[PDB]
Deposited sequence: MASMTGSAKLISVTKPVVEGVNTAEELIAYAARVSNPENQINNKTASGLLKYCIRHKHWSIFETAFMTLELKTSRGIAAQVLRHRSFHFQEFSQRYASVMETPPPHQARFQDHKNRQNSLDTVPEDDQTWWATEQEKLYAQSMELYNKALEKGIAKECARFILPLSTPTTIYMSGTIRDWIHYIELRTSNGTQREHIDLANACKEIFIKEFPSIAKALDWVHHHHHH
């Protein structure tokens, strides 16, 4: 299997409160402090948080925030951007040029797929050739980028609260979503499981 989606942790929330060391301990803390005269406080870390998700007490999961660096394609980025709750950071359209050569994209026919690879590579090299030819002649990076295909490799910072991350990963890992995006979301999920064990457990998410 091809890996057409990568993610890396950039930052995550860190509590300054005594005894509470991680963002997930803060989500746990937020829940028990706000609702002290509740029997549900006595439950396990995962169990408490599961109850909150089940009951829609979302705000505790918004006391935490995580930035992940995503490596994907412009055509996929197009979908990612539509997740309005998140905040993003991308390369300057004027002070940054495309380094990586666009890779061939798989289709949804053994000699039909091979053709699609060869033909893409052909067109990509042609766009890349003309991209640098335009740069050499003085054309601004913002004008030159218009010839770059949708397969253009891209790195973006995707920043959002934990609640938002829960729903983005739930959606983008569900049956039917584009593969170059399920790869991305699963790459995100791996980082999430790590940082949030008790949430991963309450949502039933395995490595």
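- Of the deposited sequence, positions 1, 110-123, 223-227 lack any modelled C-alpha atom.
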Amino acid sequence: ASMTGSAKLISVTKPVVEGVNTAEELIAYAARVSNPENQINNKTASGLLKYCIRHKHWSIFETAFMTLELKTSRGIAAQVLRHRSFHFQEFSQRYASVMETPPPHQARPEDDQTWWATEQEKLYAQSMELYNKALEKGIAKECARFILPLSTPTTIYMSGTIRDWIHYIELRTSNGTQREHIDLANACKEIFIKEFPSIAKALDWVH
From here on, numbers count along this sequence of modelled residues.
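- The stretch 119-127 shows the higher mean C-alpha B-factor when 119-127 is compared against 78-86 in the entry.
- The mean Cα B-factor in the deposited entry runs higher for 37-45 than for the other of 176-184 and 37-45.
- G138: CA B factor in the highest third of modelled residues in this chain (values from the PDB entry).
- When the CA B factors of the chain's modelled residues are split into thirds, the value for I147 lands in the middle one.
- Ranked by C-alpha B-factor against the other modelled residues of its chain, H167 falls in the lowest third.
- Sorting the modelled residues of the chain by their CA temperature factor places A28 in the middle third.
- Residue-level temperature factors show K71 in the lowest third of its chain, judged at the C-alpha atom.
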